[PDB]
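Only one structure is covered here, and it is reproduced in the block below.
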Amino acid sequence: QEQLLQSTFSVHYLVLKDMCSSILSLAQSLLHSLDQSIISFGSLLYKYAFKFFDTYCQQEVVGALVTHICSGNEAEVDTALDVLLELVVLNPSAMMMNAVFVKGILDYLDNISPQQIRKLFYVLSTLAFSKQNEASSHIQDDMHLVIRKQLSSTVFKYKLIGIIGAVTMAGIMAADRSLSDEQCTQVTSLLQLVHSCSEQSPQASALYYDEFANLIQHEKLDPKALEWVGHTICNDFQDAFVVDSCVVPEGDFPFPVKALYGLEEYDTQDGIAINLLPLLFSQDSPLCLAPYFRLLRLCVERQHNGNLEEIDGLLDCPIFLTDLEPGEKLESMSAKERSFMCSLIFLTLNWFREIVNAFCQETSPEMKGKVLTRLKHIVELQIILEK
Amino acid sequence: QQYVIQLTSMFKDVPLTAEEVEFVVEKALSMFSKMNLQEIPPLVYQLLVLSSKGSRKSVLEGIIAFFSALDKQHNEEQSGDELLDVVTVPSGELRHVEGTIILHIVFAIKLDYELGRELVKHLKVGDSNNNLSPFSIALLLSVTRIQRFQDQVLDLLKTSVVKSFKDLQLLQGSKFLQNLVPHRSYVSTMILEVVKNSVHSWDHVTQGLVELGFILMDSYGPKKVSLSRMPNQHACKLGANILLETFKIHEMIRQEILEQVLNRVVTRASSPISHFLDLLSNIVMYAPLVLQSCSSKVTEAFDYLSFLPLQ
Amino acid sequence: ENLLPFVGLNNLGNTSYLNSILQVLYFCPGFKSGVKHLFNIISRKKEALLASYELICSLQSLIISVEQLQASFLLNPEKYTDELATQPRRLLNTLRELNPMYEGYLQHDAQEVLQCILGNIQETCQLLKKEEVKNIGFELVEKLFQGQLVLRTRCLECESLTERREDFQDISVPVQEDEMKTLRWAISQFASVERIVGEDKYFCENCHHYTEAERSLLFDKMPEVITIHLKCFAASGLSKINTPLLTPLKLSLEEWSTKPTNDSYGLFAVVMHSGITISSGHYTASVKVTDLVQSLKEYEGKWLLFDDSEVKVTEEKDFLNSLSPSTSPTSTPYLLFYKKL
Amino acid sequence: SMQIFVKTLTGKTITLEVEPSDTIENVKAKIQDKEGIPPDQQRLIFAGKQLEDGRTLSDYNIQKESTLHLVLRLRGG
Amino acid sequence: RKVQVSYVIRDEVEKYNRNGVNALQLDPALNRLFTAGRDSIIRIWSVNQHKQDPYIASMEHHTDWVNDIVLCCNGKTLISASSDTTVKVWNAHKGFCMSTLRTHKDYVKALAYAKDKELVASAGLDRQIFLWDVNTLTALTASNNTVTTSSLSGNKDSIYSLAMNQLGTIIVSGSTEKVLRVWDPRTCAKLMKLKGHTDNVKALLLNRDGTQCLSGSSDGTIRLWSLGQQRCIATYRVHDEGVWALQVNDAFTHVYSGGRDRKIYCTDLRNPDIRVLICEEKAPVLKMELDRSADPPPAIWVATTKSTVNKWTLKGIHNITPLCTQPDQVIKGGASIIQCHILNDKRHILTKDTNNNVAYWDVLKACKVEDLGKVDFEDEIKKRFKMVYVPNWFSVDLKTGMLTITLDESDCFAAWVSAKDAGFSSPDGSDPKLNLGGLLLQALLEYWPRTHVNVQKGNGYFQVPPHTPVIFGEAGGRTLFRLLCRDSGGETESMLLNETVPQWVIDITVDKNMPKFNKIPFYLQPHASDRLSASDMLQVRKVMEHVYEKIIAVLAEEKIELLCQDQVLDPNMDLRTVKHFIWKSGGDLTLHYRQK
Ligand SMILES: [Zn+2]
């Protein structure tokens, strides 16, 4: 069992520290198994060996863990990364001076799967943000430059790595504890920088929202940065996609522009509508409509404490659309524009599939009726799409 | 024949299928002879760092086959009168480029274990396993510096040399079988030549070599305390020859060889230790060489001499 | 809202080592006229009509683009909104042609790049002088950043000293011995009396035997712009020493010169480095503006801090406080300058 | 044969004996032996000219009792 | 480490010093003068004005500069300190080395002696100071070989001088720290440190009861110190350059000083203005030793960087101009070899010495060939030129003033030459290939019984002179074992050789194993009108016959001319020399062939 090894490393550490290189070699050898019990045993062997021994053996431990991480096999990578995470949360001060070795992993970012990169950035960030480091905070201000030089790159893969790292570091930097200080302003500056950098490419733009809206949900963050990001995201989404309903007509398209799938048929009493058709026609930005709304909703619900009364007209809003029903223009005119119609139906169905996810927790009866009608609309669209 | 170094940029970012990369690596194999000897290691580095996301068996197989063929040709046409004679690239260049390339391949294998597993499964042996060569033996001996592959390559080498000595003992025992086939270089002389060739200032194979010698000696020692004894005796003789050969050439390792032999021979277990004793007597023939490097292990061996029994 | 009328150079890939060097070099008071006059001779030479003959014109092209863009912003502030910068492209391409080891997008040292471009401009000016003599401003680097070194060595047994003159372009200086260390101690570690002992001996020729020797350094001829170069690293596998030594603003060098001197070497430029490892980093410059509309005169005598594209004025006392080793300045100084005031 | 000085990284002075027929890489190997720095991080600056792996000592007009300051390369960018 | 073999080319007896003299000791009971030579030999001279040839004997065991000597034990024993890092104890009457102390780790620079305790101490550039009871050292035998030490600590830098007083109660050291540091030798406790002097101190003296001290310094001053007051009570600046040597009379009232400026003064300590110019020597004065038979000393002996030693007479003290102009006795010295050039055959050497005499030597036979007189040295080099290349296989050093040849494993066997190009005939009509270093190794160990095989003694082509000293040392410093060539048959010498001769010499001298050959790759192409390789000694003729055959003796030579870099090659010239002298490009040598 493990309390046996606990007693072993607690009582006889002074004699056992003589041959710690052999201990580390044995742990490295037995970590290469397939089951989970042996791997966990070797993991805790590394942990306890780092806990009690001399600083040189600690350097040897972190070197062995680094070469384990850069080895390549998935189970070894996950196990070693988890070991490093629990080791740095256990004894941050001893691990602090050995940050060079763990940072040196960042040169090898082709042997690591995309999911483990987030964990690596997480463990490095929580290493570099303990208040014992505030005496000489060098790792933090080095990583704020590493992220910048990653984002300003031209290779797409490093740009994606940069956005992942920037989001997962800003999350720890603005972490909610038991602040509202200049660190929040730095968090805001980092976020607007990484928004300006990755605003152009849409495939690289969707990842930013799909990481930020996960971080702002599973973890939490302090009310000040929350307030600022909520204000700017609400302003930006209100300015960007929202087109007033009373000015619905606009020309220059081969298809007759119309508004469909509204609720209660108010017929443009006030200005709420989704301008989906012109954006797609110009893209013969709208590709990132699906996650931007999710980020907006989750941010506003966290800012107002589960109160969605602000985004209320964004359930009965209609969508600018052509005559999506097949008017016998399917057998004929089966040109490239047919694929455009397919993508349009796909994207509006995805928007409906997100908007039904948005308002379900609320318990107002007629509002529940609204979301059920939205469900009927998405099922009829999913029927139509096969044509 | 000049832009081939930048010909690799086409396979970096765009995805490909197996047929076209196999065709281009076949072209590369065909032009290995054309380009130059000295330009090879950077090209090997480029192709092998490309190979992680694509073809992995083909490049390693081509490099191994090319260098085995080149070593074979150089060895066959090197023999002759010590005078003016036709020869290709000299030994001092060939051994150096081989050392750089084997070190690069070991590094690349250390970057991803899948290449090493493919290499090990590729050279699997009963069978002749004709792909074995001084270059490939050196490769397998240098991969042992990684903990993942140590036993997995040493057991393969051990079974290979046992199969070779069994083949020799079977072939010498008949006329008909000796009448039909022409002799092939049996792997005993292959390793016995690799150890001699290892003088050319590369030491990353000495540890694998001494470990192989000790494993191969221990596993087939005379345990008498009849047909299978002859391979089991030739194997021990080969192990002693290998150990004594690496003792003289390389300096950094000679302190540990004698320590292991002593630590294995000074026992009260009364196990048969005739071969270890013979090896120790052979390697203390060069008395000053021992005194330069390791004159301490013999001293504490002497201090323990009071406790052992009479024989 | 507030855009500083001082132009930066875009990142343009993984290249900031050249951006910092170029920005800290453009303000060198003698460089701007000379590097244009040399191209002005080149233009008439081409009018009369090479690999080493193109950088010396590319630099002038970059300088005129920089000056023209800065003036264009200056008389028309409405046009430019957020970023006031350009990108060094012809210079980078030419310098790639000059030395192929920068081909790619890796990181690079800054002092080495400065050495390369200075050696190349010296070589091409010397070649132009040779072409002229084959038939006042030809001396640019041989006069600006280069002076003469005087060495001596005293064999303790024979007590006879021999000299050995040398050329120098930068005083490479150690950062710590192996508590704060004044830069005066840092220089006197490099250019003062120390002995050679132990496994290291000086084979004297008057005595025909290995022996203990005492050797020193002397600054005979002083260039127009002296550039201390702090070896802010150490061996042991290697690492960076992020504990900067105290730096003065008015350096006087009467201790180590041979003849008595009355000179005042005042600081006007600093190139820093921001990282914790030898293998990476990000160079930021810092240049005092001192010479060369009245809007510019308001900014005269202040300190700037050039990042790649942005720029922010810092008052001089703030910059001086920013280099004290009382804390970690987060940007280790690496290559100081000193104009001969 | 001749014997030259190399002002080391930290300010000390080391002396090494090389002949004018020696390659620069051989001198860097000598430095590796004397101090322990792998001959990829060296750059021996002499009289403002940086020594390179192609030429030899006699090409640079280096004679007895000269100095070569030793510095590393600090990657940045 | 790595063990080198060396040997010195010289005559069996060097009666006269071949270099300067570092130190002097005068035995008053036997009228014998000891000189410690920079040529590594200590010599004993008679100072009887009777004999015309004062030389008596040489004691040769040291390997490098002898820096200090002290006569101990009422003149029976002298102890010497040398730059080979050892201290040796000699029987001064019979002139042989009895023990070698090896506890120091760098040049030993100074020795000190306390007559009333018969105590000596040694100190050097390694910053260590060891104290030794002489009777414990003399009691040493081959069984009782244990000696135990006592040393002083505190010294921060290399020691250049050292003095003790007669009672052995105060010891002072001088060093580049400029402060002289003082200890009590009886307890090893550190005592006060008197700071004030501003430079190295190469000369130190103490009065009998260790109450006053004189220091001499490279700053040119003499300073008198009271140890009871711990301060300077007078400073004398009588020299222009560094003061290197001090002596004082028994009354401690007149100081004799000398140094780099060659002038020797006698100054009265109580009244400086009364001073006497004793003489101006011909070279910097390094050390002086008074004869003290009578109160106003009759003479002073003077050591310089020159090989001659002058005795100057002292008429008296009571009375710009020198008191004396010619020495009273003169012990003659010999010339030092100061310049050496190895010829292209890598076999003969041209020398120049301090007298501007030029000589020609045979490295292989370890002897001189001819005196060439005072011809111009560089014209003699240019006149003896032969177009041949042979790889370097030894190195020469002149540190002892004689020719010392050193062999190293890295290049000892690099030079194969043909018997014909050497001075070794072909008595069987053919000439095979000899390795020079291997032949030399076999000649040096010719008398070692272990190389004798069943009788051959040597190599069959030449002998070295039997008296040549053969030295086995480690590279950088420590000599391991030194013997004369003829002495190798002894049982003690053979045991120590068996224990000391490295395996790389054993390989050649015992096993009679051939060294590796060297081959040269080269190109052949039709630009005169395939990649091959051959021995570096192959003659062009062999390539010409090769070409003659592959494109089909006397006829071959008549028809085919071989070229390199468009120069016509001498058919007798070998490939190695062509490559060294004619190939001026890079990459492999390229030869062009043609048919005529
Ligand atoms: Zn000298």
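Letters for chains follow the order of the structure tokens (A, B, ...), residue numbers begin at 1 for each chain, and ligand numbers begin at 1 in the order shown.
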Next item on the list: Quick one: pick out all helix (DSSP H, G or I) residues within segment 109-296 of chain A from a backbone DSSP run and write them as a ChimeraX atom specification.
Entry: /A:114-127,131-135,139-151,156-173,182-197,203-218,223-240,245-247,276-282,286-296
Write a file of the just-selected residues containing C-alpha atoms, as a tab-separated table (two decimals), in the first residue's frame.
```tsv
chain	number	residue	atom	x	y	z
A	114	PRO	CA	-3.31	19.86	-28.28
A	115	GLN	CA	-5.23	18.97	-25.11
A	116	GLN	CA	-2.11	18.46	-22.99
A	117	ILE	CA	-0.80	21.89	-24.02
A	118	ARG	CA	-3.55	23.48	-21.93
A	119	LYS	CA	-2.51	21.40	-18.91
A	120	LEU	CA	1.14	22.36	-19.43
A	121	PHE	CA	0.26	26.04	-19.58
A	122	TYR	CA	-1.91	25.56	-16.48
A	123	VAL	CA	0.86	24.00	-14.39
A	124	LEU	CA	3.43	26.54	-15.57
A	125	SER	CA	1.04	29.41	-14.79
A	126	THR	CA	0.21	28.18	-11.30
A	127	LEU	CA	3.94	27.78	-10.72
A	131	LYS	CA	3.00	35.09	-3.90
A	132	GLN	CA	6.39	33.76	-2.79
A	133	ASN	CA	7.59	34.85	-6.26
A	134	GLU	CA	6.59	38.52	-5.79
A	135	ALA	CA	10.05	39.25	-4.38
A	139	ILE	CA	8.85	34.01	-14.75
A	140	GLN	CA	5.58	35.94	-15.03
A	141	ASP	CA	7.05	38.84	-17.01
A	142	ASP	CA	9.01	36.38	-19.15
A	143	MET	CA	5.87	34.43	-20.00
A	144	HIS	CA	3.99	37.61	-20.90
A	145	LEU	CA	6.66	38.02	-23.60
A	146	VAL	CA	6.70	34.36	-24.64
A	147	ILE	CA	2.95	34.51	-25.27
A	148	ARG	CA	3.35	37.75	-27.23
A	149	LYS	CA	6.06	36.34	-29.49
A	150	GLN	CA	3.92	33.23	-29.99
A	151	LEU	CA	0.86	35.24	-31.01
A	156	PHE	CA	-1.08	29.13	-37.87
A	157	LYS	CA	-0.30	26.33	-35.40
A	158	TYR	CA	1.76	28.58	-33.13
A	159	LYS	CA	-1.01	31.20	-33.28
A	160	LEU	CA	-3.48	28.60	-32.00
A	161	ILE	CA	-1.04	27.59	-29.27
A	162	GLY	CA	-0.70	31.26	-28.37
A	163	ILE	CA	-4.43	31.87	-28.01
A	164	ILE	CA	-4.82	28.71	-25.89
A	165	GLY	CA	-1.98	29.77	-23.60
A	166	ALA	CA	-3.11	33.38	-23.32
A	167	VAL	CA	-6.64	32.42	-22.28
A	168	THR	CA	-5.55	29.80	-19.76
A	169	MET	CA	-3.00	32.17	-18.22
A	170	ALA	CA	-5.41	35.09	-17.96
A	171	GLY	CA	-7.76	32.74	-16.13
A	172	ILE	CA	-5.23	32.12	-13.36
A	173	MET	CA	-4.12	35.76	-13.35
A	182	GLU	CA	-3.75	46.60	-11.02
A	183	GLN	CA	-3.43	42.89	-11.84
A	184	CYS	CA	-7.01	43.07	-13.14
A	185	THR	CA	-5.98	45.91	-15.45
A	186	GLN	CA	-3.12	43.75	-16.73
A	187	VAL	CA	-5.61	40.92	-17.31
A	188	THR	CA	-7.81	43.30	-19.30
A	189	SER	CA	-4.83	44.50	-21.35
A	190	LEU	CA	-3.77	40.93	-22.12
A	191	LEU	CA	-7.30	40.06	-23.23
A	192	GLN	CA	-7.66	43.05	-25.55
A	193	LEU	CA	-4.19	42.37	-26.99
A	194	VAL	CA	-5.02	38.74	-27.73
A	195	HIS	CA	-8.38	39.81	-29.15
A	196	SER	CA	-6.73	42.29	-31.51
A	197	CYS	CA	-4.11	39.74	-32.60
A	203	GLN	CA	-10.88	29.70	-37.72
A	204	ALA	CA	-8.45	31.24	-35.24
A	205	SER	CA	-11.18	33.54	-33.92
A	206	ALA	CA	-13.66	30.84	-32.89
A	207	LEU	CA	-11.07	29.15	-30.66
A	208	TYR	CA	-10.69	32.31	-28.56
A	209	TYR	CA	-14.38	32.37	-27.65
A	210	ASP	CA	-14.57	28.60	-27.25
A	211	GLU	CA	-11.76	28.76	-24.69
A	212	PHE	CA	-12.79	31.96	-22.90
A	213	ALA	CA	-16.39	30.77	-22.47
A	214	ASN	CA	-15.17	27.51	-20.93
A	215	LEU	CA	-12.74	29.22	-18.58
A	216	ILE	CA	-15.34	31.76	-17.45
A	217	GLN	CA	-17.69	28.87	-16.60
A	218	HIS	CA	-15.83	25.92	-15.07
A	223	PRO	CA	-15.98	40.75	-10.20
A	224	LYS	CA	-13.85	43.61	-11.58
A	225	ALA	CA	-12.47	41.91	-14.69
A	226	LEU	CA	-15.86	40.21	-14.98
A	227	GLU	CA	-17.58	43.60	-15.06
A	228	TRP	CA	-15.21	45.05	-17.65
A	229	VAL	CA	-15.34	42.05	-19.99
A	230	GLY	CA	-19.13	41.90	-19.64
A	231	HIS	CA	-19.52	45.56	-20.57
A	232	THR	CA	-17.23	45.33	-23.58
A	233	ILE	CA	-18.64	42.02	-24.85
A	234	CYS	CA	-22.25	43.22	-24.56
A	235	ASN	CA	-21.37	46.45	-26.37
A	236	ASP	CA	-19.47	44.58	-29.10
A	237	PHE	CA	-22.18	42.00	-29.78
A	238	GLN	CA	-24.87	44.70	-29.77
A	239	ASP	CA	-22.87	46.72	-32.30
A	240	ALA	CA	-21.71	43.91	-34.57
A	245	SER	CA	-35.91	45.10	-37.63
A	246	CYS	CA	-37.77	48.09	-39.10
A	247	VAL	CA	-35.10	48.48	-41.82
A	276	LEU	CA	-27.15	36.38	-41.47
A	277	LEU	CA	-27.71	36.47	-45.24
A	278	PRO	CA	-25.56	39.51	-46.22
A	279	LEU	CA	-22.55	38.27	-44.24
A	280	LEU	CA	-22.62	34.86	-45.93
A	281	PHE	CA	-23.20	36.49	-49.32
A	282	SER	CA	-20.16	38.72	-48.76
A	286	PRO	CA	-20.58	35.11	-39.53
A	287	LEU	CA	-18.78	31.80	-38.98
A	288	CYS	CA	-18.14	32.86	-35.36
A	289	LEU	CA	-21.74	33.79	-34.54
A	290	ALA	CA	-22.37	30.48	-32.76
A	291	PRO	CA	-19.80	30.73	-29.90
A	292	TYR	CA	-19.86	34.52	-29.54
A	293	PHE	CA	-23.46	34.35	-28.33
A	294	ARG	CA	-22.54	31.61	-25.86
A	295	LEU	CA	-19.75	33.76	-24.45
A	296	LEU	CA	-22.08	36.77	-24.25
```
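Environment of ligand 1, defined as every protein or nucleic acid residue with an atom within 6 Å of it and counting only C-alpha atoms and all ligand atoms, comprises residues 155, 157, 158, 204, 206 and 207 of chain C.
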Just write the chosen residues, N, CA, C and O atoms, as a compact mmCIF listing (two decimals), in the first residue's frame.
```
# COMPACT_ATOMS: atom_id res chain seq x y z
N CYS C 155 57.24 40.16 -16.55
CA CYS C 155 57.73 38.90 -16.00
C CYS C 155 58.39 39.18 -14.66
O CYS C 155 59.34 39.96 -14.58
N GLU C 157 60.31 37.50 -12.66
CA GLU C 157 61.71 37.13 -12.45
C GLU C 157 62.67 38.07 -13.17
O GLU C 157 63.70 38.45 -12.61
N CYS C 158 62.37 38.45 -14.41
CA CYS C 158 63.28 39.29 -15.17
C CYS C 158 62.92 40.77 -15.13
O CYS C 158 63.80 41.60 -15.37
N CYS C 204 58.03 33.54 -20.70
CA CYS C 204 58.87 34.69 -20.98
C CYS C 204 60.03 34.28 -21.88
O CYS C 204 60.45 33.12 -21.90
N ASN C 206 63.03 36.45 -22.24
CA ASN C 206 64.32 36.85 -21.68
C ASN C 206 64.86 35.80 -20.73
O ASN C 206 66.08 35.62 -20.63
N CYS C 207 63.97 35.10 -20.02
CA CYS C 207 64.38 34.08 -19.06
C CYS C 207 64.30 32.66 -19.62
O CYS C 207 64.86 31.75 -19.01
```
Next item on the list: When you get a sec, could you note down which chain E residues fall within 6 Å of chain B, using only C-alpha atoms, as a VMD selection string?
Entry: chain E and resid 503 532 to 534
For the selection just defined, write its residues with N, CA, C and O atoms to a file, as a PDB file, in the first residue's frame.
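Contents of the output file again_1.pdb:
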```pdb
ATOM      1  N   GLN E 503      52.664   1.873 -20.873  1.00  0.00           N
ATOM      2  CA  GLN E 503      52.336   0.797 -21.808  1.00  0.00           C
ATOM      3  C   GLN E 503      52.553   1.180 -23.270  1.00  0.00           C
ATOM      4  O   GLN E 503      52.848   0.307 -24.096  1.00  0.00           O
ATOM      5  N   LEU E 532      42.279   7.280 -55.648  1.00  0.00           N
ATOM      6  CA  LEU E 532      43.199   6.244 -55.202  1.00  0.00           C
ATOM      7  C   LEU E 532      43.755   6.631 -53.838  1.00  0.00           C
ATOM      8  O   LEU E 532      43.518   7.731 -53.333  1.00  0.00           O
ATOM      9  N   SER E 533      44.505   5.710 -53.240  1.00  0.00           N
ATOM     10  CA  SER E 533      45.206   5.966 -51.991  1.00  0.00           C
ATOM     11  C   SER E 533      46.467   5.125 -51.925  1.00  0.00           C
ATOM     12  O   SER E 533      46.485   3.983 -52.393  1.00  0.00           O
ATOM     13  N   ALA E 534      47.523   5.696 -51.352  1.00  0.00           N
ATOM     14  CA  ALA E 534      48.785   4.990 -51.231  1.00  0.00           C
ATOM     15  C   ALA E 534      49.554   5.503 -50.023  1.00  0.00           C
ATOM     16  O   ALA E 534      49.209   6.527 -49.426  1.00  0.00           O
TER      17      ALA E 534
END
```
Margin query: I need the strand (DSSP E) residues of chain D per DSSP on the backbone, written as a PyMOL selection string.
Written below: chain D and resi 2-7+13-18+43-46+49-50+69-71
N, CA, C and O atoms of the current selection, written as an mmCIF file, in the first residue's frame:
```cif
data_model
loop_
_atom_site.group_PDB
_atom_site.id
_atom_site.type_symbol
_atom_site.label_atom_id
_atom_site.label_comp_id
_atom_site.auth_asym_id
_atom_site.auth_seq_id
_atom_site.Cartn_x
_atom_site.Cartn_y
_atom_site.Cartn_z
ATOM 1 N N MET D 2 53.585 28.930 -30.609
ATOM 2 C CA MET D 2 53.410 30.226 -29.971
ATOM 3 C C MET D 2 52.302 30.103 -28.937
ATOM 4 O O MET D 2 51.522 29.150 -28.950
ATOM 5 N N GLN D 3 52.244 31.075 -28.028
ATOM 6 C CA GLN D 3 51.364 30.997 -26.869
ATOM 7 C C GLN D 3 50.616 32.312 -26.720
ATOM 8 O O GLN D 3 51.238 33.364 -26.554
ATOM 9 N N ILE D 4 49.286 32.249 -26.778
ATOM 10 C CA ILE D 4 48.440 33.434 -26.782
ATOM 11 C C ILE D 4 47.545 33.432 -25.549
ATOM 12 O O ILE D 4 47.333 32.404 -24.901
ATOM 13 N N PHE D 5 47.020 34.612 -25.233
ATOM 14 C CA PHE D 5 46.116 34.817 -24.112
ATOM 15 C C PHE D 5 44.670 34.784 -24.581
ATOM 16 O O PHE D 5 44.359 35.141 -25.718
ATOM 17 N N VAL D 6 43.784 34.354 -23.686
ATOM 18 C CA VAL D 6 42.346 34.402 -23.919
ATOM 19 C C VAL D 6 41.712 34.936 -22.644
ATOM 20 O O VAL D 6 41.685 34.240 -21.625
ATOM 21 N N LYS D 7 41.236 36.175 -22.684
ATOM 22 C CA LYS D 7 40.516 36.731 -21.547
ATOM 23 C C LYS D 7 39.179 36.019 -21.421
ATOM 24 O O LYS D 7 38.335 36.113 -22.315
ATOM 25 N N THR D 13 42.295 35.480 -16.911
ATOM 26 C CA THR D 13 43.086 35.307 -18.119
ATOM 27 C C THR D 13 43.601 33.879 -18.177
ATOM 28 O O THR D 13 44.191 33.393 -17.209
ATOM 29 N N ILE D 14 43.371 33.207 -19.301
ATOM 30 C CA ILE D 14 43.920 31.879 -19.526
ATOM 31 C C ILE D 14 44.830 31.933 -20.743
ATOM 32 O O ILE D 14 44.642 32.750 -21.650
ATOM 33 N N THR D 15 45.849 31.077 -20.742
ATOM 34 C CA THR D 15 46.810 31.004 -21.830
ATOM 35 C C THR D 15 46.794 29.611 -22.434
ATOM 36 O O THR D 15 46.756 28.611 -21.713
ATOM 37 N N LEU D 16 46.838 29.558 -23.760
ATOM 38 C CA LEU D 16 46.825 28.308 -24.499
ATOM 39 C C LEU D 16 47.843 28.375 -25.626
ATOM 40 O O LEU D 16 48.026 29.425 -26.247
ATOM 41 N N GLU D 17 48.512 27.251 -25.877
ATOM 42 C CA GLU D 17 49.618 27.182 -26.826
ATOM 43 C C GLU D 17 49.126 26.556 -28.124
ATOM 44 O O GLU D 17 48.842 25.355 -28.172
ATOM 45 N N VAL D 18 49.030 27.366 -29.180
ATOM 46 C CA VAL D 18 48.672 26.886 -30.507
ATOM 47 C C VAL D 18 49.620 27.480 -31.538
ATOM 48 O O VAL D 18 50.195 28.554 -31.348
ATOM 49 N N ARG D 43 32.366 32.453 -29.183
ATOM 50 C CA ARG D 43 32.685 33.337 -30.300
ATOM 51 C C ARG D 43 33.873 34.196 -29.870
ATOM 52 O O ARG D 43 33.724 35.146 -29.096
ATOM 53 N N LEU D 44 35.054 33.838 -30.355
ATOM 54 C CA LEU D 44 36.285 34.489 -29.931
ATOM 55 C C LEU D 44 36.444 35.796 -30.693
ATOM 56 O O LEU D 44 36.813 35.793 -31.869
ATOM 57 N N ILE D 45 36.172 36.912 -30.031
ATOM 58 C CA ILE D 45 36.329 38.231 -30.627
ATOM 59 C C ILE D 45 37.778 38.655 -30.462
ATOM 60 O O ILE D 45 38.316 38.631 -29.349
ATOM 61 N N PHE D 46 38.419 39.029 -31.566
ATOM 62 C CA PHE D 46 39.803 39.487 -31.549
ATOM 63 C C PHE D 46 39.892 40.791 -32.321
ATOM 64 O O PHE D 46 39.593 40.822 -33.519
ATOM 65 N N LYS D 49 37.321 41.997 -34.781
ATOM 66 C CA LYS D 49 36.967 41.035 -35.813
ATOM 67 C C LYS D 49 36.586 39.727 -35.142
ATOM 68 O O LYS D 49 37.309 39.246 -34.265
ATOM 69 N N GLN D 50 35.457 39.156 -35.539
ATOM 70 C CA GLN D 50 34.996 37.911 -34.946
ATOM 71 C C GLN D 50 35.590 36.738 -35.711
ATOM 72 O O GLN D 50 35.423 36.638 -36.930
ATOM 73 N N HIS D 69 39.242 37.992 -26.565
ATOM 74 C CA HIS D 69 38.146 38.024 -25.610
ATOM 75 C C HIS D 69 37.123 36.952 -25.949
ATOM 76 O O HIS D 69 36.776 36.739 -27.112
ATOM 77 N N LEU D 70 36.637 36.270 -24.918
ATOM 78 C CA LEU D 70 35.691 35.178 -25.082
ATOM 79 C C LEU D 70 34.338 35.589 -24.528
ATOM 80 O O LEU D 70 34.219 35.911 -23.343
ATOM 81 N N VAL D 71 33.323 35.587 -25.391
ATOM 82 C CA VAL D 71 31.951 35.874 -25.003
ATOM 83 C C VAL D 71 31.054 34.814 -25.621
ATOM 84 O O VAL D 71 31.443 34.097 -26.545
#
```
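Counting from atom CA of residue 343 of chain A, the distance to atom CA of residue 299 of chain A is 28.3 Å.
Atom CA of residue 504 of chain E to atom CA of residue 464 of chain E spans 21.1 Å [interatomic distance, one decimal].
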Next item on the list: Restrict the distance test to only C-alpha atoms, flag each residue of chain C within 7 Å of chain D, and return the flagged residues as a ChimeraX atom specification.
Entry: /C:14-17,107-109,166-169,174,177,189-190,200,231,234,278-283
Item checked: Contact residues around residue 402 of chain E with only C-alpha atoms at 8 Å, ignoring same-chain residues under 4 positions, as an MDAnalysis selection string -> chainID E and resid 8:10 18 39 336:337 398
Note to self: With only C-alpha atoms considered, list every residue of chain A at most 10 Å from chain B, as a ChimeraX atom specification.
What the structure shows: /A:25,28-29,32,67,70-73,108,110-111
